[PDB]
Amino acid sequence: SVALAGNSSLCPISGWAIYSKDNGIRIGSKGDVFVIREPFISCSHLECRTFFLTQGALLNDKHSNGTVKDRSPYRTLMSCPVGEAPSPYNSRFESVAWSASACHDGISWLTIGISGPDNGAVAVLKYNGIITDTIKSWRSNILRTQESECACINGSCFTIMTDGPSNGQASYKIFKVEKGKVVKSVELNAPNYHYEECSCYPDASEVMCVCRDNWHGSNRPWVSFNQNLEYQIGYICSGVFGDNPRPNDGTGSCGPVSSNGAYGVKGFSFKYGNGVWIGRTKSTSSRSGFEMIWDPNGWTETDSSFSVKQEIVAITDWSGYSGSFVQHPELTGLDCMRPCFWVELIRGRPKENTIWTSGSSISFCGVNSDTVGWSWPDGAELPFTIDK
């Protein structure tokens, strides 16, 4: 009926309250559950959903064998209610996709699903499930996108795509989409920067995206922009380094930190003035553990000092991708934009002795009331019957 306004500011928060846990892998030991990756949450004005990519194989079946291309023609974007195990019996089909994003403008769902060959992949955009536009690769080298929700403000939704090497300079574009039609795009002028798998959120009528530098940055890049795609770029300055892998905390940089800068993990962070909430793994080397850190000057200053840490997953347990999501005033009844996040808990290959790899999910919302750290890990006992 009416577009989400997108004009409120992020809510003042003090900590993170647990929102969901699906136990998808534990349930999938016996039930009929998809093998999934990137279980990103996104919400409308009425409800929240978990989106995910599947190869159309179930846990404990031979088709879950992971020695197959990530970018396969079987890969599909699907969604199910938040907190449920992702099954063929409760999941909706969204798009054929090996890279994706989705977001709700207040009226209907936009989904973006990229499929096709590496040298010519096409993003199919859908609005309320009907194809409304396509974007084809402009460098012929793996067109790819956020793997989390796009950001909507007053009926325009915004996303970021990358095309080019994942181990060197690439090309980055921002897209403005209305009723699933591309109305504007801009190519970033970002020499020496690298953007992948952006987590973008609206805040006071502009978008902020925090991304992954897979080339040569162990801190995270960011790009922010207004409704006309006039943008700014930088890297998060804090010495509390956000990517995985990374060095031990040390002197930061408002450009890419080259030490342990290659590879990465999808991640997010929330800017509050000169301060920043960072979610990151607990290990510097593997996707293990998860913590939220408040660094009151960490957006702009390069020291390694921070003031608050909240435990989310212990370093003895596997974590994985994570991303932002918001809950607008039209859903919550609040006067401010609520920040939330999800974490993927990756099980299986390469770290564990299975034929498959899947994630389960947890999610949290920021609140200004009492909270507590704990560890909420995946909890499945591997290997499974199919691995014997």
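Numbers follow the displayed sequence, beginning with 1.
Looking at mean Cα B-factors across 354-362 and 63-71, the upper value is held by 63-71. Look at the C-alpha B-factors of 5-13 and of 19-27. On average they run higher in 5-13. Across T300, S108, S79, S269, the greatest Cα temperature factor reported in the deposited entry is at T300. Per the deposited record, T54 carries the highest C-alpha B-factor of all listed residues (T54, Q327, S322, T50). Sorting the modelled residues of the chain by their CA temperature factor places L345 in the middle third.
For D133, the recorded CA B-factor ranks within the middle third of the chain. Only modelled residues enter the ranking.
Per the PDB record, residue ranking by Cα B-factor puts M337 in the middle third of the chain.
When the modelled residues of the chain are ordered by their C-alpha B factor, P221 lands in the lowest third. Sort the modelled residues of the chain by CA B factor and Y193 lands in the highest third.
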